[PDB]
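A quick write-up on the structure given underneath.
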Amino acid sequence: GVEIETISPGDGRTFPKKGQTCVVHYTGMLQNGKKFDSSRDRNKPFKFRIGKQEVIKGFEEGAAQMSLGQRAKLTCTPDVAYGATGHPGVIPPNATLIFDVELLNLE
């Protein structure tokens with residue numbers, strides 16, 4: 001399940017498609033917890049493409065439901081990211097994810 005709660009500004013029309021490589025300043029957050037991940041720290045804006053299952057499933061669908069310049073607010077279910085397994089030492093088992101996501105892409 002992907003829930004979008006948009007911080008508005010942008011265009012609302014340029015949507016990501018297959019074969020396109022997009023650029024995201026992501027920012028993680030644990031529910032009732034602290035940060036666990038940031039692209040704001042490293043200043044390297046995480047260039048990735050669409051459709052290769054590179055990212056987790058919850059972040060994947062929320063990337064397509066945005067447009068250029070927009071700023072969404074994801075909410076990922078446990079079964080789409082890590083929930084039974086848990087990423088070792090960083091994401092606990094049965095975790096619910098929050099993501100500050102800005103889509104400033106190309107192509």
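If you're wondering about the labels, chains in the structure tokens are A, B, ... by order shown, residues count from 1 in each chain, ligands from 1 in order shown.
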(request) Write out as an MDAnalysis selection string the residues lying within 7 Å of residue A:61, counting only C-alpha atoms and excluding same-chain residues fewer than 4 positions away. (result) chainID A and resid 2 57 65
Take the residues from that selection and write them out as a compact mmCIF listing (two decimals), in the first residue's frame, keeping C-alpha atoms.
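Written out: result.txt:
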```txt
# COMPACT_ATOMS: atom_id res chain seq x y z
CA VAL A 2 1.26 3.42 -1.09
CA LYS A 57 8.29 -2.15 -3.77
CA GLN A 65 2.69 8.58 -8.67
```
(request) Quick one: everything within 7 Å of residue A:102, counting only C-alpha atoms, minus sequence neighbours fewer than 4 positions away in the same chain. Send it as a VMD selection string. (result) chain A and resid 24 to 26 69 to 72
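Here the residues within chain A that DSSP labels alpha helix (DSSP H) on the basis of the backbone are residues 57, 58, 59, 60, 61, 62, 63, 64, 78, 79, 80 and 81 of chain A.
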(message) Quick one: residues within 9 Å of residue A:66, only C-alpha atoms, excluding same-chain residues fewer than 5 positions away - as a list in words?
(response) residues 4, 6, 12, 13, 14, 15, 16, 71, 72, 102 and 103 of chain A
Can I get the selected residues back with N, CA and C atoms, as a PDB file, in the first residue's frame?
```pdb
ATOM      1  N   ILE A   4      -0.107   8.638  -0.860  1.00  0.00           N
ATOM      2  CA  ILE A   4       0.522   9.893  -1.246  1.00  0.00           C
ATOM      3  C   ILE A   4      -0.203  11.032  -0.546  1.00  0.00           C
ATOM      4  N   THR A   6       0.562  14.913  -0.858  1.00  0.00           N
ATOM      5  CA  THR A   6       1.478  15.722  -1.645  1.00  0.00           C
ATOM      6  C   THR A   6       1.674  17.098  -1.024  1.00  0.00           C
ATOM      7  N   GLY A  12       2.641  18.418 -12.174  1.00  0.00           N
ATOM      8  CA  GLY A  12       1.553  17.466 -12.128  1.00  0.00           C
ATOM      9  C   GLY A  12       1.327  16.675 -13.394  1.00  0.00           C
ATOM     10  N   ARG A  13       2.204  16.791 -14.387  1.00  0.00           N
ATOM     11  CA  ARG A  13       1.994  16.112 -15.657  1.00  0.00           C
ATOM     12  C   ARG A  13       3.135  15.199 -16.080  1.00  0.00           C
ATOM     13  N   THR A  14       4.383  15.513 -15.738  1.00  0.00           N
ATOM     14  CA  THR A  14       5.518  14.754 -16.253  1.00  0.00           C
ATOM     15  C   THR A  14       5.692  13.527 -15.375  1.00  0.00           C
ATOM     16  N   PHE A  15       5.139  12.446 -15.797  1.00  0.00           N
ATOM     17  CA  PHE A  15       5.191  11.293 -14.917  1.00  0.00           C
ATOM     18  C   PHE A  15       6.316  10.360 -15.345  1.00  0.00           C
ATOM     19  N   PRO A  16       6.918   9.632 -14.404  1.00  0.00           N
ATOM     20  CA  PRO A  16       7.959   8.669 -14.780  1.00  0.00           C
ATOM     21  C   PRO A  16       7.380   7.490 -15.546  1.00  0.00           C
ATOM     22  N   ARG A  71       6.671  16.927  -4.230  1.00  0.00           N
ATOM     23  CA  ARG A  71       7.241  16.583  -2.933  1.00  0.00           C
ATOM     24  C   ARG A  71       6.187  15.781  -2.179  1.00  0.00           C
ATOM     25  N   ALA A  72       6.288  14.463  -2.241  1.00  0.00           N
ATOM     26  CA  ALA A  72       5.246  13.617  -1.684  1.00  0.00           C
ATOM     27  C   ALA A  72       5.576  13.245  -0.242  1.00  0.00           C
ATOM     28  N   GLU A 102      11.325  13.932  -2.745  1.00  0.00           N
ATOM     29  CA  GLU A 102      11.217  14.954  -3.773  1.00  0.00           C
ATOM     30  C   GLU A 102      11.676  14.370  -5.101  1.00  0.00           C
ATOM     31  N   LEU A 103      10.909  14.623  -6.153  1.00  0.00           N
ATOM     32  CA  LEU A 103      11.211  14.115  -7.488  1.00  0.00           C
ATOM     33  C   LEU A 103      11.716  15.273  -8.341  1.00  0.00           C
TER      34      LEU A 103
END
```
(request) Name the residues of chain A that come out as strand (DSSP E or B) in a backbone DSSP run; write them as a PyMOL selection string. (result) chain A and resi 2+7+21-24+27-30+38+47-49+71-76+97-103
Once you have the residues from the selection above, write them out as a PDB file, in the first residue's frame, restricted to N, CA and C atoms.
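What follows is the written file selection39.pdb:
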```pdb
ATOM      1  N   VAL A   2       0.548   2.154  -0.948  1.00  0.00           N
ATOM      2  CA  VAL A   2       1.257   3.418  -1.093  1.00  0.00           C
ATOM      3  C   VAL A   2       0.256   4.550  -0.922  1.00  0.00           C
ATOM      4  N   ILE A   7       2.930  17.504  -0.879  1.00  0.00           N
ATOM      5  CA  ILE A   7       3.265  18.921  -0.806  1.00  0.00           C
ATOM      6  C   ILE A   7       3.329  19.418  -2.243  1.00  0.00           C
ATOM      7  N   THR A  21      15.328   7.160 -16.201  1.00  0.00           N
ATOM      8  CA  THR A  21      16.164   7.249 -15.010  1.00  0.00           C
ATOM      9  C   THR A  21      15.851   8.555 -14.296  1.00  0.00           C
ATOM     10  N   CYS A  22      15.451   8.455 -13.032  1.00  0.00           N
ATOM     11  CA  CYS A  22      14.947   9.592 -12.279  1.00  0.00           C
ATOM     12  C   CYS A  22      15.793   9.843 -11.037  1.00  0.00           C
ATOM     13  N   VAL A  23      15.686  11.064 -10.521  1.00  0.00           N
ATOM     14  CA  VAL A  23      16.591  11.592  -9.505  1.00  0.00           C
ATOM     15  C   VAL A  23      15.768  12.061  -8.312  1.00  0.00           C
ATOM     16  N   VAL A  24      16.058  11.508  -7.133  1.00  0.00           N
ATOM     17  CA  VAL A  24      15.239  11.688  -5.937  1.00  0.00           C
ATOM     18  C   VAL A  24      16.128  12.076  -4.761  1.00  0.00           C
ATOM     19  N   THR A  27      14.385  10.943   1.897  1.00  0.00           N
ATOM     20  CA  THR A  27      14.681  11.096   3.319  1.00  0.00           C
ATOM     21  C   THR A  27      13.807  10.111   4.076  1.00  0.00           C
ATOM     22  N   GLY A  28      14.431   9.155   4.745  1.00  0.00           N
ATOM     23  CA  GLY A  28      13.681   8.164   5.480  1.00  0.00           C
ATOM     24  C   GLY A  28      13.233   8.653   6.841  1.00  0.00           C
ATOM     25  N   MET A  29      12.395   7.832   7.472  1.00  0.00           N
ATOM     26  CA  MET A  29      11.879   8.042   8.816  1.00  0.00           C
ATOM     27  C   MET A  29      11.223   6.753   9.278  1.00  0.00           C
ATOM     28  N   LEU A  30      11.489   6.368  10.518  1.00  0.00           N
ATOM     29  CA  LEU A  30      10.786   5.262  11.142  1.00  0.00           C
ATOM     30  C   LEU A  30       9.552   5.790  11.861  1.00  0.00           C
ATOM     31  N   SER A  38      19.177   8.894   4.703  1.00  0.00           N
ATOM     32  CA  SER A  38      19.093  10.237   4.159  1.00  0.00           C
ATOM     33  C   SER A  38      19.977  10.334   2.931  1.00  0.00           C
ATOM     34  N   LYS A  47      20.618   8.629  -8.221  1.00  0.00           N
ATOM     35  CA  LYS A  47      20.162   8.382  -9.584  1.00  0.00           C
ATOM     36  C   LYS A  47      19.758   6.921  -9.742  1.00  0.00           C
ATOM     37  N   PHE A  48      18.507   6.679 -10.132  1.00  0.00           N
ATOM     38  CA  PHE A  48      18.041   5.317 -10.347  1.00  0.00           C
ATOM     39  C   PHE A  48      17.006   5.302 -11.462  1.00  0.00           C
ATOM     40  N   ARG A  49      16.834   4.133 -12.072  1.00  0.00           N
ATOM     41  CA  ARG A  49      15.903   3.953 -13.175  1.00  0.00           C
ATOM     42  C   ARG A  49      14.660   3.207 -12.707  1.00  0.00           C
ATOM     43  N   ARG A  71       6.671  16.927  -4.230  1.00  0.00           N
ATOM     44  CA  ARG A  71       7.241  16.583  -2.933  1.00  0.00           C
ATOM     45  C   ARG A  71       6.187  15.781  -2.179  1.00  0.00           C
ATOM     46  N   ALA A  72       6.288  14.463  -2.241  1.00  0.00           N
ATOM     47  CA  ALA A  72       5.246  13.617  -1.684  1.00  0.00           C
ATOM     48  C   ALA A  72       5.576  13.245  -0.242  1.00  0.00           C
ATOM     49  N   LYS A  73       4.823  12.289   0.295  1.00  0.00           N
ATOM     50  CA  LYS A  73       5.038  11.781   1.647  1.00  0.00           C
ATOM     51  C   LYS A  73       4.540  10.340   1.656  1.00  0.00           C
ATOM     52  N   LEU A  74       5.461   9.397   1.485  1.00  0.00           N
ATOM     53  CA  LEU A  74       5.088   7.999   1.360  1.00  0.00           C
ATOM     54  C   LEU A  74       4.670   7.421   2.706  1.00  0.00           C
ATOM     55  N   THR A  75       4.042   6.252   2.642  1.00  0.00           N
ATOM     56  CA  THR A  75       3.771   5.440   3.824  1.00  0.00           C
ATOM     57  C   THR A  75       3.712   3.998   3.347  1.00  0.00           C
ATOM     58  N   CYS A  76       4.762   3.238   3.619  1.00  0.00           N
ATOM     59  CA  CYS A  76       4.895   1.893   3.086  1.00  0.00           C
ATOM     60  C   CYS A  76       4.456   0.868   4.118  1.00  0.00           C
ATOM     61  N   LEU A  97       7.136   2.109   7.158  1.00  0.00           N
ATOM     62  CA  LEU A  97       8.107   3.053   6.635  1.00  0.00           C
ATOM     63  C   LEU A  97       7.464   4.387   6.278  1.00  0.00           C
ATOM     64  N   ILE A  98       8.239   5.455   6.466  1.00  0.00           N
ATOM     65  CA  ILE A  98       7.866   6.819   6.113  1.00  0.00           C
ATOM     66  C   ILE A  98       8.984   7.376   5.242  1.00  0.00           C
ATOM     67  N   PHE A  99       8.629   8.099   4.182  1.00  0.00           N
ATOM     68  CA  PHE A  99       9.640   8.663   3.292  1.00  0.00           C
ATOM     69  C   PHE A  99       9.261  10.070   2.869  1.00  0.00           C
ATOM     70  N   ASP A 100      10.134  11.030   3.158  1.00  0.00           N
ATOM     71  CA  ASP A 100      10.077  12.318   2.480  1.00  0.00           C
ATOM     72  C   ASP A 100      10.761  12.170   1.129  1.00  0.00           C
ATOM     73  N   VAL A 101      10.021  12.422   0.054  1.00  0.00           N
ATOM     74  CA  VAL A 101      10.491  12.170  -1.302  1.00  0.00           C
ATOM     75  C   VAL A 101      10.262  13.420  -2.135  1.00  0.00           C
ATOM     76  N   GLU A 102      11.325  13.932  -2.745  1.00  0.00           N
ATOM     77  CA  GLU A 102      11.217  14.954  -3.773  1.00  0.00           C
ATOM     78  C   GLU A 102      11.676  14.370  -5.101  1.00  0.00           C
ATOM     79  N   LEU A 103      10.909  14.623  -6.153  1.00  0.00           N
ATOM     80  CA  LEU A 103      11.211  14.115  -7.488  1.00  0.00           C
ATOM     81  C   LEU A 103      11.716  15.273  -8.341  1.00  0.00           C
TER      82      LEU A 103
END
```
So that I can see what lies close to residue A:56, please list as a short mmCIF file (atom, residue, chain, number, x, y, z; two decimals) with N, CA and C atoms, in the first residue's frame the residues with an atom at most 9 Å from it, counting only C-alpha atoms and leaving out residues fewer than 6 positions away in the same chain.
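And here's out_0.cif as it stands now:
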```cif
data_model
loop_
_atom_site.label_atom_id
_atom_site.label_comp_id
_atom_site.auth_asym_id
_atom_site.auth_seq_id
_atom_site.Cartn_x
_atom_site.Cartn_y
_atom_site.Cartn_z
N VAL A 80 5.68 -4.86 1.82
CA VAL A 80 6.27 -4.43 0.56
C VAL A 80 7.75 -4.06 0.69
N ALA A 81 8.27 -3.89 1.90
CA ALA A 81 9.66 -3.48 2.05
C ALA A 81 10.52 -4.53 2.75
N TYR A 82 10.28 -4.82 4.02
CA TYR A 82 11.20 -5.70 4.75
C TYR A 82 10.53 -6.58 5.80
#
```
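You can rank A:1, A:79, A:90, A:9 by their closest distance to residue A:104 using only C-alpha atoms, and at the top of that list sits A:9.
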Mind checking which residues fall within 9 Å of residue A:17, counting only C-alpha atoms, ignoring those fewer than 3 positions away in the same chain, and posting them as a PDB file with N, CA and C atoms, in the first residue's frame?
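Ended up saving to selection_24.pdb:
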```pdb
ATOM      1  N   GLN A  20      13.146   5.031 -18.019  1.00  0.00           N
ATOM      2  CA  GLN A  20      13.535   6.372 -17.619  1.00  0.00           C
ATOM      3  C   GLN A  20      14.310   6.315 -16.312  1.00  0.00           C
ATOM      4  N   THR A  21      15.328   7.160 -16.201  1.00  0.00           N
ATOM      5  CA  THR A  21      16.164   7.249 -15.010  1.00  0.00           C
ATOM      6  C   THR A  21      15.851   8.555 -14.296  1.00  0.00           C
ATOM      7  N   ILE A  50      13.713   3.049 -13.628  1.00  0.00           N
ATOM      8  CA  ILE A  50      12.381   2.536 -13.332  1.00  0.00           C
ATOM      9  C   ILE A  50      12.243   1.149 -13.943  1.00  0.00           C
ATOM     10  N   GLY A  51      11.736   0.201 -13.158  1.00  0.00           N
ATOM     11  CA  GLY A  51      11.327  -1.086 -13.679  1.00  0.00           C
ATOM     12  C   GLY A  51      12.310  -2.221 -13.524  1.00  0.00           C
ATOM     13  N   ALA A  64       6.290   6.534  -9.244  1.00  0.00           N
ATOM     14  CA  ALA A  64       5.523   6.754 -10.462  1.00  0.00           C
ATOM     15  C   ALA A  64       4.328   7.665 -10.231  1.00  0.00           C
TER      16      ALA A  64
END
```
